[PDB]
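One chain follows as structure tokens, the form deposited in one PDB entry.
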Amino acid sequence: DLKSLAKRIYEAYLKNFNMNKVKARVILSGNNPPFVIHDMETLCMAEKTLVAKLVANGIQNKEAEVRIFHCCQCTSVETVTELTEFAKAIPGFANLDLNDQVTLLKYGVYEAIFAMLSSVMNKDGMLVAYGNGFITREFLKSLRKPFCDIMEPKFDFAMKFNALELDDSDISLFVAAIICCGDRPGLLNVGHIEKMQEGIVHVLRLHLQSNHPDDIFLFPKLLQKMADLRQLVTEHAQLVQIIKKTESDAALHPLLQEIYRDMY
């Protein structure tokens, strides 16, 4: 039954996420090729084509860094929606109390976002805007503080994560495992969540044994990556709070304020 479960999870991931690692790699290899954003000129050209409304305000347009952060947030909002539908495929998740489902998604979504973001990153940049842009790592590093500090730690995570050479069948189960954590704050039915976690981690362990016979440590490596992601998210939330206190024009999306509320 466990092999079928792993396949169910994988198929739900292919159905629910607009981006997957095969799709990303086709684009990254070289109709509607990605526009390269490597400097301010190319950022502004890409915006006029791909997010026209955001730059249709004349002198009232926000600063480039703020527009970029707004696009970051919109991407995360969309991935939250995808993750919420994906979670229905996880055995036991839809049987939990609605409040526990909310709590698991609240604490898990950014860990999952940063894990999956690795699939659209290479050492030089990342896919954005539904695969229609490629923004360079160096351009993001060139932004004014604090905005240049957003992406670089995610690239650092992603380069090591990508060196594990996971595929979509592994990543789908890793994301399911992130969502099923019994130690999130405020859970009502910890015991049932712990059982759900044990089941999905068992599926993950057996799948990695079968799909990666060459890497006998891969399961504990991925357990460590989950802990690393929790630290990456805590640090990300600290930076977002700096932006919220010091950058008045950088409006925080109403759906993401709730995810951050009483996190770190």
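Just count from 1 along the sequence shown to find any residue number. We call the rigid core the largest set of C-alpha positions that still match within 1.5 Å between the two forms.
Relative to the displayed structure, the C-alphas of 33 to 41 lie farther away on average in 9 other deposited structures of this protein than those of the other candidate, with 33 to 41 and 235 to 243 compared after rigid core superposition.
Superposing the other copies on the rigid core and comparing 208 to 216 to 43 to 51, farther C-alpha placement in 9 other deposited structures of this protein marks 43 to 51. Annotation: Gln60 belongs to the positions left without coordinates in at least a third of the other compared entries, with flanking residues modelled. Count the deposited residues lacking coordinates between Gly58 and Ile59 and you get none at all. Of the two stretches examined, 88 to 96 and 147 to 155, the record assigns the greater average C-alpha temperature factor to 88 to 96. For the pair 179 to 187 and 104 to 112, the mean Cα B-factor is higher in 179 to 187. The entry assigns its greatest Cα B factor, within the set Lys53, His207, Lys225, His236, to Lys53. The top Cα temperature factor in the record, among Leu28, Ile68, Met40, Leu218, falls on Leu28.
In the PDB entry, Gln241 places in the middle third of its chain by CA B-factor. Annotation for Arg230: C-alpha temperature factor in the lowest third relative to the rest of the modelled chain, per the entry. Remark: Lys23 belongs to the middle third of its chain, ranked by C-alpha B-factor as recorded.
What follows is about the form solved in complex with a partner chain, which we do not show.
A single residue from the set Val120, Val175, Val80, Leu166 has any heavy atom within 4.5 angstroms of the partner chain in the deposited bound form; that residue is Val80.
The single contact residue among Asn162, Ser142, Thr84, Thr136, judged by any heavy atom lying within 4.5 Å of the partner chain in the deposited bound form, is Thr84. In the deposited bound form, no heavy atom of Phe147 sits within 4.5 Å of the partner chain.
Under a 4.5 angstroms non-hydrogen atom cutoff, the partner chain in the deposited bound form lacks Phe114 among its neighbouring residues. Taking the partner from the other structure, the partner chain in the deposited bound form has a heavy atom within 4.5 Å of a heavy atom of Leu255. Not displayed here, the partner chain is approached by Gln101 to within 4.5 Å at the level of heavy atoms in the deposited bound form. Using a 4.5 angstroms heavy atom cutoff to the partner chain in the deposited bound form, all of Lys88, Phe93 and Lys106 count as contacting.
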